[PDB]
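Just one chain follows, in the form deposited in one PDB entry, and it is written as structure tokens.
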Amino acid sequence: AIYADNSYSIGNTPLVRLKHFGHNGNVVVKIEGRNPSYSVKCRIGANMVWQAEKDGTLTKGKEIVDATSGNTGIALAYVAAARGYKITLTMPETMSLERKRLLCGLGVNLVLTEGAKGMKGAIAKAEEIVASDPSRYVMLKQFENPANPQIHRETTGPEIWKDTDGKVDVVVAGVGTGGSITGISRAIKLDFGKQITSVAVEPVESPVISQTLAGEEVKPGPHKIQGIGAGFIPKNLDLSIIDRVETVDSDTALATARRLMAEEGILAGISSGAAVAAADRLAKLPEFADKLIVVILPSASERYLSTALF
């Protein structure tokens, strides 16, 4: 069909079988880079706006405010432009010129916060802007907004079911907000009734899901796997549907993403390398020998050209 605006074009992303990972073709990847603004977050950008419209919290003239310059910021930016909303995004003044430019191009009002304050400064500013006129400003809150995992339950999950003819045995997804693994797992286990293995992936450097579930002290730490490892358990991670948690280190994530490019011709982002490195480890266990493993690749390589990836 013809989509009425770019927000409606989300999803329907392809599954590609890996040749140089897995055992006998048991690893398949879902390419979320193929989306209106080239990441998985396009789905949640669209659905958080749509849900806020339906429940009346977002109306014509009201303005979107958030503190993300990552995939969610970019997703919210294209959706806002597509649907005719103003949007303000707050961020550290030390953000890349590439990211500022991309966001300015999408029509975002960028508020640069104090470099020496980091993300905390940006989040506080966003909260401050909203509190200055709550009737004017809406903050969509991707870590807690159920519209995040809901769109994955309605689209991402069903696409996996359909394209695998229900043969999916394992889903492997890195956790940022948790929305992807949560929504996909609810779709497959609850709507399609299949007892799959849901595998959350996090950085070995900040393994807070692992520590939490082990009842150990939660010790977040710095890592280079962009888009995952938030350093807390987000509200949109449904721990009840997680069967397994795999940790992957930043170097290995990066090396894997490079291998995806050079060996499979897949332009994967850093977190994609992490998800595949975890999936390859499961795929080479005899217990998963005859099992179909589907891995979310959240983003595409060109978004990471000035990073450690290249």
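Numbering starts at 1 and follows the sequence shown. Residues that one form lacks are left out of the comparison. For clarity, a rigid core is taken as the largest C-alpha set superposing within 1.5 Å between two forms.
Only in words, not in the display: the form deposited in another entry, which the text now covers.
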- Message: Please name the one residue from 100, 83, 189, 224 with a C-alpha displacement of 2 Å or more between the shown form and the other one, using the rigid core for the superposition.
- Response: 100
- Message: After superposing the rigid core, is the C-alpha displacement of residue 115 2 Å or more between the shown form and the other one?
- Response: yes
- Enumerate, in order of sequence, every stretch of at least three consecutive residues present in both forms where each C-alpha is displaced by 2 angstroms or more between the shown form and the other one, superposition done on the rigid core. 66-68, 90-101, 110-123, 125-129
